[PDB]
Amino acid sequence: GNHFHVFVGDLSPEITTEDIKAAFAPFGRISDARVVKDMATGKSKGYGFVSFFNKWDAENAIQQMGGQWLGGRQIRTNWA
C-alpha cells in the first residue's frame, strides 16, 4: 500500500521528470517521479518528488543524493 516518498529540492530550471527519474533510478525501483511545475505557466518550481517501493531505497536515496549535484546545481533531499 503506502509507498515511500522523497522530496528533492534546489532543482535546476530545466531539470525534467525524465531527468530526475534517471538520476534517482540507481537507488532502487521508482514507483513514480515528477518535477513540480506551475500550472498556468509550466515552469519548474525548483523541486520534485521520487517514490520508492522499499523504505530502505528512499531512506538511502535521501542520504546519498543530499547535497549531490544535478545539472549545474546542488540538490537537497528530505522525506516527503
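Just a few scattered comments:
- Rh (Kirkwood; distinct C-alpha pairs) - the chain, Å: 12.4
- The phi-based Karplus calculation (6.51 cos²θ - 1.76 cosθ + 1.60; θ = phi - 60°) puts the 3J(HN,Hα) values of region 49-56 at 10, 10, 10, 10, 7, 8, 4, 4 Hz, whole numbers, x for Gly and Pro.
- Length-normalised contact order of region 18-80 in % [C-alpha pairs under 8 Å, at least 6 apart]: 26
- Packing, as the average of other Cβ atoms within 10 Å across residues, places the peptides 68-74, 50-56 in the order 50-56, 68-74, highest first.
- Under the simplified labelling scheme, the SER31-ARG73 pair shows an inter-label distance of 2.8 nm, with each label point 7 Å from Cα along Cα→Cβ.
- Over the chain: helical MRE at 222 nm, DSSP H runs n ≥ 4 each giving -39500 (n - 2.57), nearest 500: -7000 deg cm²/dmol
- Residues whose amide H comes within less than 5 Å of that of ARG76, counting only those at least five positions distant or on another chain, are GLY9, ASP10, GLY67 (H built at 1.01 Å from N in the peptide plane).
- Packing-based order for 39-48, 4-13, using average beta carbon neighbours within 10 Å, highest first: 4-13, 39-48
- Put a dot 7 Å past the Cα of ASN60, heading toward its Cβ, do the same for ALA80, and the two dots end up 1.9 nm apart.
Coordinate-derived values only; no laboratory data. Methodologically, a virtual Cβ is constructed for each residue, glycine included, from the backbone with ideal geometry; neighbour enumeration extends over all protein chains shown.
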